[PDB]
Amino acid sequence: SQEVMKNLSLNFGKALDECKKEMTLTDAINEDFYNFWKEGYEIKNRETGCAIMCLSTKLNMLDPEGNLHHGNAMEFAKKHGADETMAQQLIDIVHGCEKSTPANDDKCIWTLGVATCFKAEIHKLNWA
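What counts, and where the lines are drawn
- Along each chain, numbering proceeds from 1 in written sequence order. Entry numbering may differ, and residues lacking coordinates are not shown.
- Only heavy atoms go into the side-chain values, all of them from the structure, while hydrogens and water stay out.
- Under this scheme, a helix contributes an axis fitted over its contacting stretch, all axes are lines through C-alpha atoms, and angles between N-to-C directions fall in the 0 to 180 degree range.
- Secondary structure elements are defined from DSSP: runs of H or I of at least 4 residues count as helices, runs of E of at least 2 residues count as strands, and each element is numbered from the N terminus.
- When an angle is under 35 degrees it counts as roughly parallel; over 145 it counts as roughly antiparallel; between 65 and 115 it counts as roughly perpendicular; any other value is oblique.
- Two helices cross in a left-handed way if the nearer one is turned anticlockwise from the farther one by less than a right angle. They cross in a right-handed way if the turn is clockwise.
- Residues count as neighbours in contact if any of their non-hydrogen atoms are within 4.5 Å of one another.
- Side-chain classes follow a simple rule in which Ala, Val, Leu, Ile, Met, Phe, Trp, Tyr, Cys and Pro form the nonpolar group, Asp, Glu, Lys and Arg form the charged group, and the remainder, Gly included, forms the polar group.
- Categorising residues by exposure relies on relative accessible area from a 1.4 Å probe, with only protein chains included: less than 20% of the type maximum marks a residue as buried, more than 50% marks it as exposed, and the intermediate range marks it as partly exposed.
- We call a pair of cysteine sulfur atoms a disulfide when they lie within 2.5 Å.
- UniProt positions are given in the numbering used here, feature names are shortened, and annotations may be inferred rather than shown by experiment.

Help me out: how do you make sense of the packing of helix α6 (residues 84-95) against helix α7 (residues 107-124) in this one?
The relative placement of two packed helices is expressed as an angle between their axes plus a distance between the axes. In the contact formed by α6 and α7, the axes pass within 9 Å of each other and the chain directions differ by 140 degrees. Between α6 and α7, the angle falls in the class oblique. The interaxial crossing formed by α6 with α7 has right-handed handedness. Residue-level contacts link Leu 90, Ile 93 and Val 94 of α6 to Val 114, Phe 118, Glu 121 and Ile 122 of α7. Among the residues making up the contact of α6 with α7, the classes are represented as 6 nonpolar, no polar and 1 charged.

Okay, structure coming up:
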């Protein structure tokens, strides 16, 4: 289902401008979020990584552990209209990159990769 998925990404990217002012993030992340659904775009602004992570915080997707509130991530999905196997898929992929995807200590870099693997799955699922 793409219909709801647009709403998820939409309502995810609400608090972005707050995070921009907070963390000094450039306008160049609008571009990533606008062109994210291209057929061979590659995401190399580390700031989009950190913007995503700030949005994830603001949408309350972090447990006390910092290992993703997969619990609340599923609420977000069903809250926006998501199917069951859908909401499970987004967690299984996300949970399935939060550690599998290597990065440095750089949590911006980290979350950038977690989004970038996950993106490709959304393409395979034809959710774009």
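Having put the structure on the table, let's press on.
Any chance you could explain the environment of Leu 125 here in plain terms?
Summarising the element assignment, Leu 125 is placed in the segment after α7. The exposure class of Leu 125 is partly exposed, given its relative accessible area of 28%. If we skip the residues at most four places from it in the chain, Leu 125 touches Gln 89 and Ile 93.

Explanation requested: unusual backbone geometry in the structure shown.
Most peptide bonds take the trans configuration, and most residues that are not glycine carry a negative phi. Even without being a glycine, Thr 24 presents a positive backbone phi close to 50 degrees. If you trace the backbone, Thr 24 turns up in the loop between α2 (16-23) and α3 (28-35). Positive phi, normally seen in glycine, also occurs at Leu 68, with a value near 65 degrees. With respect to the helices and strands, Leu 68 occurs in the loop between α4 (46-58) and α5 (70-80).

Explain the UniProt feature "disulfide bond" in the chain here, please?
With its sulfur atoms 2.0 Å apart, the UniProt disulfide linking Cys 50 and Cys 108 appears as an intact bond in this structure. With a gap of 58 residues between them, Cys 50 in helix α4 and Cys 108 in helix α7 connect regions that are remote in the sequence. One exposure class covers both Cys 50 and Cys 108, and it is buried. Look at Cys 97 and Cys 117: UniProt pairs them in a disulfide, and at 2.0 Å between sulfurs the bond is present in this structure. With a gap of 20 residues between them, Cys 97 in the loop between α6 and α7 and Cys 117 in helix α7 connect regions that are remote in the sequence. The class of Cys 97 is buried, set by a relative accessible area of 9%. The exposure class assigned to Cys 117 is partly exposed, which follows from its relative accessible area of 23%.

What is the right way to look at the side chain of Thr 111 in this model?
Summarising the element assignment, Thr 111 is placed in helix α7. What makes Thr 111 buried here is its relative accessible area of 10%. Once residues within four sequence positions are removed from consideration, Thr 111 is found in contact with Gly 49, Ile 52 and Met 53.

Any chance you could explain the state of the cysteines here in plain terms?
Between two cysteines, a covalent bond joining their sulfur atoms is known as a disulfide. Enumeration according to the criterion identifies 3 disulfides in this entry. With a sulfur-sulfur separation of 2.0 Å, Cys 19 is cross-linked through a disulfide to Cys 54. Every disulfide takes its handedness from the sign of the S-S torsion; for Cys 19 and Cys 54 that torsion is -85 degrees, giving left-handed. With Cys 19 in helix α2 and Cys 54 in helix α4, the pair connects residues that are 35 residues apart, well separated along the chain.

Just checking my understanding: could you explain the environment of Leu 25 for this structure?
For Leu 25, the position within the fold is in the loop between α2 and α3. Owing to a relative accessible area of 11%, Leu 25 belongs among the buried residues under this scheme. Spatially, the C-alpha atom of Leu 25 lies 14 Å from that of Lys 44, the residues being 19 residues apart in sequence. When near neighbours in sequence (up to four residues on either side) are disregarded, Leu 25 contacts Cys 19, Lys 20, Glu 47 and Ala 51.

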